[PDB]
Amino acid sequence: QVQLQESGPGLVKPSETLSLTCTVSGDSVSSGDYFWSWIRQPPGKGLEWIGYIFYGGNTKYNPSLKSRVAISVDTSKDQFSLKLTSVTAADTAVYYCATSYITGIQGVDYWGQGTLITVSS
Amino acid sequence: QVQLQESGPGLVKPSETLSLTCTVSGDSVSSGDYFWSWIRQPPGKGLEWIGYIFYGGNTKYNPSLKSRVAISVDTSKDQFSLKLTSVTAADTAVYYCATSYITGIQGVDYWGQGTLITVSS
Amino acid sequence: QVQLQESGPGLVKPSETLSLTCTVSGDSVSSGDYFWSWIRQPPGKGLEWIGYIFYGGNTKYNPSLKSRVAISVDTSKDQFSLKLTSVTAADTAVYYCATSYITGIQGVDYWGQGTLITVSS
Amino acid sequence: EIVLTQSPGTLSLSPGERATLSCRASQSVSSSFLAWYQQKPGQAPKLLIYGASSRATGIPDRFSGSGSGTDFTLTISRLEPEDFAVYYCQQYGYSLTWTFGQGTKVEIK
Amino acid sequence: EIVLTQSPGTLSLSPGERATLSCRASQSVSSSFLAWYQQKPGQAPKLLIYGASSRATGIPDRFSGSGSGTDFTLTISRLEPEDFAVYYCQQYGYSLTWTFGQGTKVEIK
Amino acid sequence: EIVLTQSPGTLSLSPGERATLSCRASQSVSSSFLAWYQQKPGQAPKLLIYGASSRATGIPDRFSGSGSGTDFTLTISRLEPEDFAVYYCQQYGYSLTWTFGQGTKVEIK
Amino acid sequence: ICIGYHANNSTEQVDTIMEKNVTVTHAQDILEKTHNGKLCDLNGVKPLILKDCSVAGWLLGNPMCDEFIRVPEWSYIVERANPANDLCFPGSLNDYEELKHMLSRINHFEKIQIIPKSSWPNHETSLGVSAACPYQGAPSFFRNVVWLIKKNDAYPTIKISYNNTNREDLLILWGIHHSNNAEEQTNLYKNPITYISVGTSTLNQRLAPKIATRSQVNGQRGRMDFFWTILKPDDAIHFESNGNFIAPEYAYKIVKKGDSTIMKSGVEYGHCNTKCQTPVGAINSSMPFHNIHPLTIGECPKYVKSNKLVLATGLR
Amino acid sequence: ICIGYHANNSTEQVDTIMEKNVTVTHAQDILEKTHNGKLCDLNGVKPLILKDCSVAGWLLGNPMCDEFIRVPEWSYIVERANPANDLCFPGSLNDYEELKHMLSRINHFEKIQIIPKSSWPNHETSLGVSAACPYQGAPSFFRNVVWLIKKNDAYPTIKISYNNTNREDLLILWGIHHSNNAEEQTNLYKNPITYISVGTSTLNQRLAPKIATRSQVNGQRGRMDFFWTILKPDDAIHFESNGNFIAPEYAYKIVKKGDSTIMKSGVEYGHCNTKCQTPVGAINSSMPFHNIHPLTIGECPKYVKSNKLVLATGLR
Amino acid sequence: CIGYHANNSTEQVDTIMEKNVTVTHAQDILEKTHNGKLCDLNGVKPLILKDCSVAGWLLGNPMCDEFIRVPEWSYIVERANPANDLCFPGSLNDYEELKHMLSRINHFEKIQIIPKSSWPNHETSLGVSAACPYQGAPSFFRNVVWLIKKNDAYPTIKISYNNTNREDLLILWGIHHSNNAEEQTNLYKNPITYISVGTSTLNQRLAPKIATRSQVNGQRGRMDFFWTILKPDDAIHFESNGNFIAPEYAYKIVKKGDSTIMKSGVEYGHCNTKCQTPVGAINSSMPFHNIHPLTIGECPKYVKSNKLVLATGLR
Amino acid sequence: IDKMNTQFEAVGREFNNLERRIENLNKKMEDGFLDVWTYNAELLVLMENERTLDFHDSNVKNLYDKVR
Amino acid sequence: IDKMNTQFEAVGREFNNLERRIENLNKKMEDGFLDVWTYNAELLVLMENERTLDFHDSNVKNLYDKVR
Amino acid sequence: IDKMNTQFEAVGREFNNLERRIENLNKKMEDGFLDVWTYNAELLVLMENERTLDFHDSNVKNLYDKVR
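Conventions used here
All residue numbers refer to a per-chain count from 1 along the written sequence rather than necessarily to the numbering of the entry. Residues that lack coordinates are not shown. Throughout, the order in which chains and ligands are written sets their labels, letters from A for the former and numbers from 1 for the latter. Side-chain metrics in this entry use all non-hydrogen atoms of the structure; hydrogen atoms and water are not considered. Under the scheme used here, helices are H or I runs from DSSP no shorter than 4 residues and strands are E runs no shorter than 2 residues, and both carry numbers assigned from the N terminus. As a reference, a globule follows 2.2 Å times the number of residues to the power 0.38, and the radius of gyration itself is taken over C-alpha atoms. Burial status follows relative accessibility: with a 1.4 Å probe on protein chains alone, a residue under 20% of its type maximum counts as buried, one over 50% as exposed, and anything between as partly exposed. In this description, contact between two residues means that some pair of their heavy atoms is separated by no more than 4.5 Å. Two strands make a pair as long as DSSP finds a minimum of two bridges between them. Here the quantity called buried area is the total loss of accessible area, with a 1.4 Å probe, experienced by two parts when brought into contact, counted for both. Distance and chemistry together define a polar contact, namely a pair of N or O atoms within 3.5 Å, with one atom able to donate a hydrogen and the other to accept it when in protein, and with adjacent residues in sequence counting only for side-chain atoms on both sides. One speaks of a salt bridge when a side-chain nitrogen belonging to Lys or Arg is within 4 Å of a carboxyl oxygen belonging to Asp or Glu. As a rule, the C-alpha atoms of each element are fitted with a line to give its axis, helices using only the stretch in contact, and angles between N-to-C directions run from 0 to 180 degrees. Small angles under 35 degrees read as roughly parallel and large ones over 145 as roughly antiparallel, with 65 to 115 read as roughly perpendicular and the rest as oblique. Under this grouping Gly is polar, as are all residues other than the nonpolar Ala, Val, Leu, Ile, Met, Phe, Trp, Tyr, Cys and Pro and the charged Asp, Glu, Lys and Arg.

By the method listed in its record, cryo-EM, this PDB entry was determined to a resolution of 3.22 Å.

### Concerning the overall build of chain A
When helices and strands are tallied, chain A shows zero helices and nine strands. Reading chain A from its N terminus to its C terminus gives the helix and strand order β-β-β-β-β-β-β-β-β. Taken over C-alpha atoms, the radius of gyration comes to 14 Å for chain A, in line with the 14 Å a tight globule of 121 residues would show. Along the first, second and third principal axes, the C-alpha set of chain A runs to 45 × 25 × 25 Å. Going through the 121 residues of chain A one by one, you find that 50% of them count as buried. Contacts in chain A between residues at least 24 apart in sequence constitute 53% of all its contacts with a sequence separation of at least 6.

### Examining the sheet that holds strand β24 (residues 288-289) of chain I
Residue and element names in this part refer to chain I. In space, the three strands of this open sheet follow the order β3-β24-β25, with parallel pairing throughout. Looking at which strands have only one partner, the edges of the open sheet turn out to be β3 (30-31) and β25 (301-302). Bridge count between β24 and β25: two bridges; the pairing is parallel. Counted as the bridge partner of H289 is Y302 from β25.

### A look at the interface of chain I and chain L
Counting from both sides, the interface comprises 36 residues of chain I and, opposite them, 29 residues of chain L. At the boundary of chain I with chain L, total buried surface from both sides reaches about 2,800 Å², with 66% on carbon and sulfur atoms. Applying the counting rule to chain I against chain L returns four residue pairs in polar contact. Put simply, the parts of the chain that give the side of chain I that touches chain L at least two residues each are α2 (95-102) and β25 of chain I.

### Quick look at the pattern of salt bridges
Under the criterion given, the structure shown has 58 salt bridges over all chains. Salt-bridge contacts for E48 of chain A lead to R40 of chain A; the nearest nitrogen and oxygen are separated by 3.4 Å. Overall, the relative accessible area of 26% leaves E48 of chain A in the partly exposed class. The partner of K159 of chain G in a salt bridge is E240 of chain G, with the nearest N and O atoms 3.0 Å apart. Taken as a pair, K159 of chain G in strand β11 (residues 158-163) and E240 of chain G in strand β16 (residues 236-241) lie far apart in primary sequence, 81 residues in all. A residue is classified by how much of its surface remains accessible, and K159 of chain G, at 61% relative accessible area, is exposed.

### Observations concerning the packing of helix α2 (residues 96-103) of chain H against helix α1 (residues 20-65) of chain J
At their nearest, the axes of α2 of chain H and α1 of chain J sit 10 Å apart, and the two run at 60° to each other. Comparing their axes, α1 of chain J and α2 of chain H come out oblique. Contact residues: α2 of chain H offers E97, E98 and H101 of chain H, while α1 of chain J offers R20, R21 and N24 of chain J. For the contact of α2 of chain H with α1 of chain J, the class distribution of residues is no nonpolar, two polar and four charged.

### Section: α2 of chain I
Here α2 of chain I has its buried residues at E97, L98, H100, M101 and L102 of chain I. Each element contacted by the buried residues of α2 of chain I is listed here: α1 (54-58), β7 (90-92), β13 (168-177) and β16 (222-230) of chain I together with α1 (20-43) of chain K.

### Some details on the interface of chain E and chain H
Facing the six residues of chain E at the interface are eight residues of chain H. Taking both partners together, chain E and chain H bury about 460 Å²; carbon and sulfur atoms supply 45% of that area. Its largest share of buried area at the contact with chain H, chain E owes to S32, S54 and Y94 of chain E, together 64% of the area lost on that side. Across the contact surface, chain E and chain H share zero salt bridges. For the pair chain E and chain H, the number of links is two residue pairs in polar contact. Tallied by class, the residues present in the side of chain E that touches chain H amount to three nonpolar, three polar and no charged.

### Some details on the side chain of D15 of chain H
Examined against the element boundaries, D15 of chain H turns out to sit in the segment before β1 (31-32). Of note is the side chain of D15 of chain H, whose polar atom sits 2.8 Å from the side chain of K308 of chain H.

### Some points on the pairing of strand β6 (residues 48-53) of chain C
All names here are of chain C. With respect to burial, β6 is a largely interior element, five of its six residues being buried. Bridge analysis of strand β5 (residues 36-40) against β6 gives five bridges, and the strand direction is antiparallel. Bridge pairing in β6 places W36 opposite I53. Note that β6 and strand β7 (residues 59-61) share three bridges and pair antiparallel. Looking at β7, one finds that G51 is bridged to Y61. Counting the residues between successive antiparallel strands, the hairpin from β6 to β7 contains five residues, one of them, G56, with a positive phi of roughly 105°.

Printed below as a string of structure tokens:
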């Protein structure tokens, strides 16, 4: 079992980057049996996928945001963070932290709590 | 577990032979742990013994019907048959197929259904 | 499990010795996991310790009755006997037979039944 | 040829009582090589007791038996309306002569 | 890009009856790579059914599910004062495009 | 020579209440090497509590105990008709000084 | 006057390192190539000969091999390759090779009855026959071991022990039985979960049966496992079993002091004396090299794999 | 007139036992110390070359060893020292060395489908992938075995068998999985207590999983155990499992005529014809001694550990 | 005149065709002399155990308390059938492999890996036995702890140790087999027990056996011991429910080389040599001998002969 | 000729099918000893006969030159 | 020179970590055979070259004294 | 005489009572090597003395006939 917590900054000026962090408790981030993913949700609309990173350095992305996506991990303080650039007005994110099994994959089950990021000048 | 079935002619002229067939379902005739036997029952009289055959080619017979009896085994169509010759008028009775264990013998467990054979001219 | 029985003589003239026996039924006296001991109890007073013997030839003694005490064992008749010497007026004792475990020692749990000894001229 | 005979010929009992069916022998047979059967018309005999007093699977607790040496004795405890058939003694063994008996029957009082 | 459309728009039911929420598809999705979720406001959607009908640990014995090939379904059996949320389809797999749907909501009659 | 003194001399109680029999010491003894007994006239004293506080197989739930370091206690919880006897402390160990106490008694109020 | 020349006749051509064909006279050989193709005796003590049975079949009392009861003392064993009878009931004997190695060269062999057949008042000892080990048309079983089944309807727990009061070591064999399914067990041993526990002063063991479906060998879908031990002139052996027990009846008395091997051959017997024996035949040669057969028992000359070890002492 | 002489202008000094250094004309050597550093054929038949996989990874279908799908008969094996890929999932193969000794010198290798993937109606065969054996960024698993998972909520008992109808032997592999706790089990196989059982006409077996906490290798905290067997032309194999089963898909068909060993080196391939091969390089000499490398496959001259074996035929 | 003469000495030798010729100032290449004393190898001094076995020394036999520690050595000297050995009957799993490995250890040191105060919910005092006495009172081993129920129970043990040093370790532990069902409840309340030990390359599970056995040293119970080695980053994990003999001390080794054991009872000496025989020490230069086949080090060959004398001499 | 000799070398083949490596070790040892003994035996003669014949050829002339 | 020879002596090292004793046995066997063959090879030349220089230097004078 | 030698053979006996076949293998190996070395040493000394002694013999006579 794992628990997640994200926090992260808030308002950000246009035409610059964005940054979150996600810290985990319980099992380690070198677990090698999980799908550390990121999922966004435009307010008033449906959900969406961005990409996940699993053990090693392997990664995948959604072919709509592909250019401006970067997911990285750091085993020291048990975190994995996201760096999205070229921010426009249509990039309000409620970015979620999600996990999923890799063998006998079931639906994604353990998720965080949610944080609002609003972009404006 | 075994189930037996028998069928044969219902009238046979004197001084000729006599034939029957016994077909088994479930296990095989080559089980090697059974006593395939034959039993008679004159109407209005008691039971009797004719002989049995077990794994290999070994066999034994009654000291009354000895020179006119024979039991054979065929492993293709799961059958064993009996051929009684030199028929007399006093050999009309019901006929039975029987089976028994060989290690830890506990009598006769399973039986056929019966058939009537009457001899005359 | 063990049961004990002691019996023994009742009256002994002064300046002589004192001899008791203790038979053991069930587990052998060569067990190697018990503390065969002797415990006295002057009438109208408390209890006290005399000494025990365990597997081998190892014994220990109370530093009150030390010179005039000896405990010995034999394996033939499954007995261990006590030989108190230099008897005095203040040596009346209801000698007991007690047993205890050696590994994971708990309180003494199996005791004998009691025998009264009086010393006088 | 170990001939086995059943002492009673025909027993008529009202429901409730017990039967004392007993079959003796000519040569003393062991107690590990005997069996009892029940014969209803049409079908084939089935097994009730094997050994000397051991019970066969499925047989109710009312059926009991005893005996050793040359004399044996079957005993049903209570009479239930269904119990009306013909029984056979058998001397199965490795003596190479399996001899049955002449049988016995029970019917309404 | 496997687009999934949920045919019902909004269902208004009194307590007691059952819901027949469906979920079509653009390409034939397997029956081993589909799930359902329940989204209450604020926290998150959570798992109910995975694959075709396997319920999730803790889900009560009232949620069913059928369908295969391209047209799946859902059922809530009996209505209780709790069932007021928004449900989302998913197509988790190894096709590298995890596409959700647009949602469906139910509320009091 | 470790001398053990039992503080109560004589206790008279009506049925129902609890006893606070204690057992001081001269030199501090451990808690794993001390036990309690119960002596009825004639046969012998038996085992009640072994260790600091741990009941012996067969001992009822009423009998408890507590204490550590140099000051141990005991309790009978509820007084029942049977319980009236003389109790002894012990210092069983591997210090070669197995000394009992002077005892304590309890009788009717 | 001259010198030499006395060679006149015979023809015993031989060779050297730097010249390959010289006619040397009154030559000699130290290669062993002639032999008496017959099995014979080793230093007085006669070997043991089993005609058409295996060691395991002999020690366990095969019903098809009952002529071998008296075996006082021997040196080696003659066992024909691919023996026919063997274990009539399929299974295995644990540590067969160690027993085969040790059983050679026994200086005292004797049979004793350690547990009589009247020592089981509450079990059955007569309904233990099988169709894979027949005897004159009637089914039978081994003779040195007893297969126990339920007596009335039950298999009471067995607690038996034996104390060695003789002055010699003994050899004891017992076993376990593996059923086919769960229906077979009830008709033989009422209990569904069983075990065996055997303990001595230097031994500890616990076993449980295996139940599964396997193939058919000799009309039996079941197996049988056997074991052995050796106890000392003062020790004791204890048993305990809830089911599937092949109890011992006879145990042997041995003295040891030696080790040898087993000969696999089929040659005839004869009257003779020697020091070493080859599977094809015997030999009584003192020359240091031979050619016949590598595998041997006893003290034998060396193997060279050659035909022409001629040395000679002739002039010219 | 004299006799002898005809001294040349060479220099081939050699040694004796009572004298050390003398000039020998037209000497000769019988010491093999030259060679070619390449790997070539053995009497025509060509060896098997695995570049960066182990035998236990080739015989099971490592995802990053897919180049080896079909290979005909061979003589020996070349395996690089400390190979990288190996078993992606941590574990062990039972009796690895016996199999490694067995696989050398196989005279017929082939692949057949003995259990098709459509023969599991009531189970799942598509969710058995792991992140320790990736394939182009997506997790994968072996290709010769199937990891079985519950279908709806259940793992019903598997009772399957295969009768060998071909006229050749076969090699079969399977395995068992060891969980890391009591929740992974219920998330994979509903049954908490499991077993497997395998039975042939000569083999009996029963195993159970082990549940505990261990350290981390390659991310995972679990292990796998693999086994093997050989069945005869007309025998059969039977399986029964309640959980933790790695079912077989393909089996290998062999005939066998001998045995050899494996070679650990990293030299390039060549085209020659030699009787024997050395790990550093090939050799095609007839002289009876050498000093290159002791380990060898085939008939090779002796090892002497010397540099100056010169015999010669020189006057003066 | 001509010829060479001699009139001195008497040493007869034999050849392939003659058998007795008088050879003057012969010489021998057969080693048949020796000093009957045990001495030291090339620098590293041997390990001497007087009346103990390897298992008794490693596990801390009470009667062999003198051998507290030794820095380093080459081989081992041990008498035939040493008297002390294991005081409690039982066995050590893979004893011969351990004895093979212990020979030629180039660093040895004792460290406390689990302190005695890290068992707050268990009893570690009253774990003594009467088959291992000490000065007339019962005792037990020193490097291992026999744990039994503290208050009335025996909670599950989950302990782990991380090898933070820069050297390997050798760790020992064990299991106990009882006599009957009534004995276990007196020590461990739980009737059905197990142990489970797991490392990176190890996986093991055990369970005790309960039965009736004979009497050896006044006990009908047995004990079994095991061992393992872990690396400078590995971690060892333990899990027990009963019948556990937990470790207290471990050992540090560097493990470069191999040797064998020596069985003899000769006295110690001060020498320097290359090879040693169980009867004495030899400084060998001839290539043959007949003293004793078993040896440690570089030694000449065994010939089983007494008359190797060739040298040289006229007439 | 009985200069040196051996004693009581019992030889056999007692190994099951799961111990092929030890059987290979035994076969290698036997083949090696075969090689050593065949080389020694077939080379001892090639030098014994030469010196034997040279003995004969040397004496058949030295006894002649004794006559002086 | 091919007076003796061997056949198919395939060798290797296929032993586990818990079977160190059998590996030691194999190493001892290999070292022993190495010693036997190095002694035999280093002695079959030292005694051969000397006797090689026997009818190399003796015939030189006997063919001389043939002239009489 | 120190022409070729050996290197660090550690010899012992480490086998229990259920591994008697491997002990027999070890004993056979040791007996074989003993036989090889005893034959080699005895024959080496037996042939070395003869050549030593006739080297000691022919030299003095050729020293004599140097005087021609």
